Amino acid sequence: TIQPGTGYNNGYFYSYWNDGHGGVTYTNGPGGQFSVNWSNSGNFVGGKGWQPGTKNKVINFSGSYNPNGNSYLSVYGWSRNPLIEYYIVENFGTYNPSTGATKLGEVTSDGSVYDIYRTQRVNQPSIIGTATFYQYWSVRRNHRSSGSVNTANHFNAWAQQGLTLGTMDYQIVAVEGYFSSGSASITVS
């Protein structure tokens, strides 16, 4: 069980961030495993993966995901020049993270159709500090908490829609929560 921060554990990069509100317990386990239990948390994001990620990685994940409110499970990462925060959402709770976003297309990957969106974060926290940047989203229609994600299918679909990515920074499978409660245990590979 660790405090917010980044590092490496058992061969995998990890990132755990929160907004200062308590109620979140993030734990790194063997191999690519991590678990999170939260009770009336604020906003938090935590998970395991790689630093840096790649544009053709096939990410495997499996586990249990039980959100009680706003939350989502997905492949999460960043690129620089351009600065982009992206998500390939595999499951979520009460709130579809693409709400209010601009739909640009669709892609069929790993057994399901995903809706593609682009949104803009204005003067918000980022891997390089306060900044304005775009967010790319692929939201799976058929929710699941286990499977394989061929990231190239999404990155190429985004590119076809004019959404380009820069040089990759981290790439993880993360559990996010936003003023809710829940529990999750995920193993990445």
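Sequential numbering from 1, following the sequence displayed.
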TODO: Averaging the C-alpha B factors as listed in the entry, name the stretch that ends up higher: 47 to 55 or 120 to 128.
DONE: 120 to 128
Open item on the list: Quick check on the record: does 100 to 108 or 73 to 81 carry the larger mean Cα temperature factor?
Closed with: 100 to 108
Open item on the list: Highest recorded C-alpha temperature factor, please, choosing from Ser138, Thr27, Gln160, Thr151.
Closed with: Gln160
Task: Relative C-alpha B-factor of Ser180, binned into the chain's lowest, middle or highest third - done: middle
Task: Ranked against its chain, the third holding the CA B-factor of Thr167 - done: middle
Task: Cα B factor band for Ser15 (lowest, middle or highest third within the chain) - done: lowest
